[PDB]
Amino acid sequence: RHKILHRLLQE
Amino acid sequence: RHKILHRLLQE
Amino acid sequence: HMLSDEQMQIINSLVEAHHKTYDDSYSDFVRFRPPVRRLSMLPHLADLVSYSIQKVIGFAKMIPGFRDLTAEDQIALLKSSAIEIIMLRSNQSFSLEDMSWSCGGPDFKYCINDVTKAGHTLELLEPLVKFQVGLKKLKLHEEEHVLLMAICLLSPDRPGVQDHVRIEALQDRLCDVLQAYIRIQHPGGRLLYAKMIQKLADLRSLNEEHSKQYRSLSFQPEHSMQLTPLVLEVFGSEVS
Amino acid sequence: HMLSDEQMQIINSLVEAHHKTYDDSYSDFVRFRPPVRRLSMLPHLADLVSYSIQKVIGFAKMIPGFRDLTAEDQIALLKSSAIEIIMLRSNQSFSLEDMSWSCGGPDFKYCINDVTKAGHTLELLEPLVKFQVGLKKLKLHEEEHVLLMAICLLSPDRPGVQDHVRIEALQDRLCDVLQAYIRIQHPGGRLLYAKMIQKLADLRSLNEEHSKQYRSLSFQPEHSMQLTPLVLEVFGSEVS
Ligand SMILES: C=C1/C(=C\C=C2/CCC[C@]3(C)C(=C=CCCCC(C)(C)O)CC[C@@H]23)C[C@@H](O)C[C@@H]1O
Ligand SMILES: C=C1/C(=C\C=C2/CCC[C@]3(C)C(=C=CCCCC(C)(C)O)CC[C@@H]23)C[C@@H](O)C[C@@H]1O
């Protein structure tokens, strides 16, 4: 669920 | 749900 | 009749964020699936778009205030505006002389015919090229180019946003900076701000048409299998 | 003391199916993301595996009886055995002199170090290379190579299969053909059938180890984003 977006959005 | 497999498996 | 310190800091942080996420050498393009000239350009252009989405995410994370939003609003803003920022940032490689995007070499020179070989039609590509030429004719300063990308990304009128007042206040603060910059630093830019806001409206129309043609592309598994996981996630219809 | 007509037809249809899905020129490899020598080889090897999965599917569709199975059993057999058939079919490019896979050029010559740069470790690559060398030493006839891939694919002891008796009967018919071929057409192959069945057991061990290391690769989104949709679908844990 928006897995790649969550990873890219964090530090 | 196995969308690419279903397409590739049919004619 | 002059910008404040807090406003020039916004300009500085935005310009640096763009210099960190846009490489003028285009040396990373060799890592994409090579261009082929059915839908022979889809693999290369899918990698190009996917790579550009990562850059837009990196640019967004350095906009003042965007990172303080909830993770859901950040995703909603990115999913709806990703294709628009890509069209905006691509003007840097667009050339009026060639009417195409030149990214360092004939293999990385993309014309209208190249995008048709990626599943798209002229009803999207004609307004797209007609969008790039007048945006190029505006001859924006780099400060104005990056402000317009930031304003476009922080738009409140996008599906899925929850904190309408928090993001609208951010976008309003960026618009005042843009108006003030053009006023003070851009001679003859008296009609420029209105022309820049109009380009945002054109982007909404380009966004709607791309989503229609992407949906037809993504509903055929033989074509959607050529896309990347990031493209499928960002352009997908999943809602948080 | 000789094969029947129905059995030599099985051999013919299997050899033709392999010639239609295995191109000895390797000219399609130029369309993959180029090899780079963290995890710099993952993009190229992910495209290599994804491309090979499409070939294994095409090979499977031409095996006698496989296409008459339900769509669910076909998927269950393909999902569990895809990586094994790929390891099996890759022996055609494996070379004992180089201890590597040579696919026409130095850029497409894959050694053990190249696969470590795709997220895998020696606890999978040591048995893998130790699997390729003894399979190469068996010096299988092409008729035996393709029969072994068919037998491996039509295994009943795989998760998700429903028609255990229908697929076991197919696999038994292919095994009798293989035994009879080696008996009649392969001099000195007296111990060969047992050695070929043992390689199937080794493939199960190689399959288990690859799934463990793939799971760690697929749980990190920065790595799973470099995979292809077909790889994610075939190696994924979705059950029908
Ligand atoms: C990206 C960037 C560039 C080009 C963008 C283009 C030209 C090719 C066609 C593109 C990529 C577009 C389109 C539609 C085709 C791809 C969409 C698909 C098929 C995935 O749905 C809109 C923007 C257009 C190159 C460079 O400016 C970086 C920028 O960042
Ligand atoms: C494929 C084929 C070939 C090579 C296969 C190899 C060598 C490289 C490493 C490979 C691809 C393997 C592995 C693991 C790494 C990739 C798995 C990952 C990272 C996606 O999980 C098992 C088989 C090995 C080339 C040719 O023989 C066609 C065949 O069809």
Side-chain angles (χ1 to χ4, degrees), chain C residues 27-34 43-44 47 50-51 228-229, chain D residues 21-56 82-137 199 202-203 205-232 234-235:
Chain C
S27 61
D28 293 350
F29 284 25
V30 72
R31 287 179 175 175
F32 307 156
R33 288 170 283 177
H44 182 79
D47 290 358
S50 194
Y51 172 89
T228 72
Chain D
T21 53
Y22 196 101
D23 185 3
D24 291 317
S25 75
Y26 306 109
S27 61
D28 293 350
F29 284 25
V30 72
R31 287 179 175 175
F32 307 156
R33 288 170 283 177
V36 181
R37 291 171 252 263
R38 206 174 82 266
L39 304 198
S40 56
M41 286 296 295
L42 183 57
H44 182 79
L45 292 181
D47 290 358
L48 171 61
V49 168
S50 194
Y51 172 89
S52 293
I53 292 173
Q54 308 183 227
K55 300 310 202 60
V56 169
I83 190 63
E84 291 178 23
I85 308 298
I86 291 182
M87 288 169 174
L88 223 48
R89 78 200 305 272
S90 74
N91 193 254
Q92 189 163 345
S93 68
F94 188 82
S95 177
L96 299 175
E97 174 171 332
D98 299 333
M99 290 294 174
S100 65
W101 295 263
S102 310
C103 299
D107 289 359
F108 306 140
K109 186 132 62 68
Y110 315 112
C111 64
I112 311 174
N113 244 266
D114 297 333
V115 193
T116 69
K117 294 189 273 294
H120 287 295
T121 58
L122 268 60
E123 25 200 359
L124 169 66
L125 296 183
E126 289 184 343
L128 174 56
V129 174
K130 192 181 179 178
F131 173 84
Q132 300 292 328
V133 291
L135 180 53
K136 202 77 180 177
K137 286 182 179 174
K199 295 298 180 179
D202 298 333
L203 282 173
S205 182
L206 298 176
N207 184 6
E208 300 298 328
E209 187 61 32
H210 173 256
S211 296
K212 284 178 54 177
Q213 300 186 1
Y214 177 84
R215 204 186 320 275
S216 314
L217 189 66
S218 75
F219 283 173
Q220 298 168 273
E222 59 270 59
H223 298 338
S224 67
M225 65 179 296
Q226 309 289 356
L227 304 168
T228 72
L230 182 60
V231 165
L232 290 162
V234 169
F235 295 152

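Below, chains carry the letters A, B, ... as their sequence lines are ordered, and counting in each starts from 1.
For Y26(D), the side-chain hydrogen bond (donor to acceptor under 3.5 Å, both in side chains) partners at least two apart in sequence or on another chain are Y22(D). For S52(D), the side chain to side chain contact (heavy atoms under 4.5 Å, CB included) partners two or more places apart in sequence, or in a different chain, are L48(D), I86(D), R89(D). For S50(D), the side chain to side chain contact (heavy atoms under 4.5 Å, CB included) partners two or more places apart in sequence, or in a different chain, are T228(D), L230(D), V231(D). Residues forming a side chain to side chain contact (heavy atoms under 4.5 Å, CB included) with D23(D) (at least two apart in sequence, or on another chain): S25(D), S27(D). Applying the side-chain hydrogen bond (donor to acceptor under 3.5 Å, both in side chains) criterion to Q54(D), with sequence neighbours excluded, gives no partner residue. Residues satisfying the side chain to side chain contact (heavy atoms under 4.5 Å, CB included) criterion with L39(D), sequence neighbours excluded, are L42(D), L217(D), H223(D). With sequence neighbours left out, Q226(D) forms a side-chain hydrogen bond (donor to acceptor under 3.5 Å, both in side chains) with no residue at all. In this view, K199(D) satisfies the side-chain hydrogen bond (donor to acceptor under 3.5 Å, both in side chains) rule with no residue, not counting sequence neighbours.
Applying the salt bridge (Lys or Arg N to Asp or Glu O under 4.0 Å) test to pairs two or more places apart or on separate chains, those with a residue in residues 31-47 of chain D are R33(D)-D47(D), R37(D)-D114(D). The salt bridge (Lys or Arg N to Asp or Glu O under 4.0 Å) contacts involving residues 116-127 of chain D comprise nothing, where partners must be two or more places apart or lie in separate chains.
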Atom pairs and distances, side-chain donor-acceptor, residues 103-110 of chain D, under 3.5 Å, sequence neighbours left out:
from    : atom 1 : to     : atom 2 : distance (Å)
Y110(D) : OH     : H44(D) : NE2    : 2.7

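The closest donor-acceptor contact from the side chain of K136(D) to the backbone of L96(D) lies at 3.5 Å or more, if one exists at all. Listed for the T116(D) side chain is a donor-acceptor partner under 3.5 Å among the backbone atoms of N113(D).
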